[PDB]
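Notes for the one structure printed next.
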Amino acid sequence: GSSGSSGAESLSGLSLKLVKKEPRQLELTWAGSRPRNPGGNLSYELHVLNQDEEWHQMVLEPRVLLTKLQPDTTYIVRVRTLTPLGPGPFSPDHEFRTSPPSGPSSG
């Protein structure tokens with residue numbers, strides 16, 4: 001990663017990733033921490049946004065399972081690690097697309 005111009009926000013290793021692509025489901029996972037961590041089970045704030053539907057849900061795990069979603073729809077997700085003194089920033093809008101509805105398949 002080259003700092004160079006803007007963009008380098010020294011993210012705390014929170015780059016949402018598409019775990020599974022489903023028409024009515026979407027899983028994501030963000031990992032990138034170091035071992036030998038002290039007590040105080042940290043947390044993570046999840047915030048999902050849609051075309052005309054915005055919802056958030058704080059999760060205590062680096063994983064998240066979203067259900068009851070619409071097929072062929074772009075769902076934005078952003079997770080940020082919570083802290084007692086200065087909480088991490090909100091990850092960059094991750095453009096994600098759900099699995100397509102019943103359709104044909106090239107031979």
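The opening position of the sequence shown corresponds to residue 1 in the deposited numbering, with each subsequent residue numbered one higher. From the three backbone atoms N, C-alpha and C, an ideal C-beta is built for every residue, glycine too.
What's the C-alpha gap between residue i and residue j?
i   : j    : result
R78 : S102 : 28 Å
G88 : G13  : 10 Å
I76 : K20  : 15 Å
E54 : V48  : 6 Å
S3  : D93  : 19 Å
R24 : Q70  : 6 Å
Reducing DSSP to helix, strand and coil, say where residue i ends up.
i   : result
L85 : coil
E95 : strand
Going by other Cβ atoms of all chains shown within 10 Å of its Cβ, with 16 needed for buried, is residue i buried or exposed?
i   : result
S91 : buried
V64 : buried
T81 : buried
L28 : buried
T98 : buried
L26 : buried
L60 : exposed
Tell me, to the nearest whole angstrom, how far the beta carbon of residue i is from that of residue j; I am working on the premise that it is less than 8 Å.
i   : j   : result
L16 : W30 : 5 Å
Looking at the ligand GTP, does it come within less than 7 Å of residue i, judged from the CB to the closest heavy atom?
i   : result
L42 : Because no ligand of any kind appears in the structure shown, any question about the ligand GTP cannot be addressed here.
Inset, instruction - Please go through the region 18–76 and give each complete beta strand (DSSP E) segment of 3 or more residues, from N-terminal end onward. - result: For the region 18–76, whole beta strand (DSSP E) runs of length 3 or above, ordered along the chain, are 18–22, 25–29, 43–49, 54–59 and 63–67.
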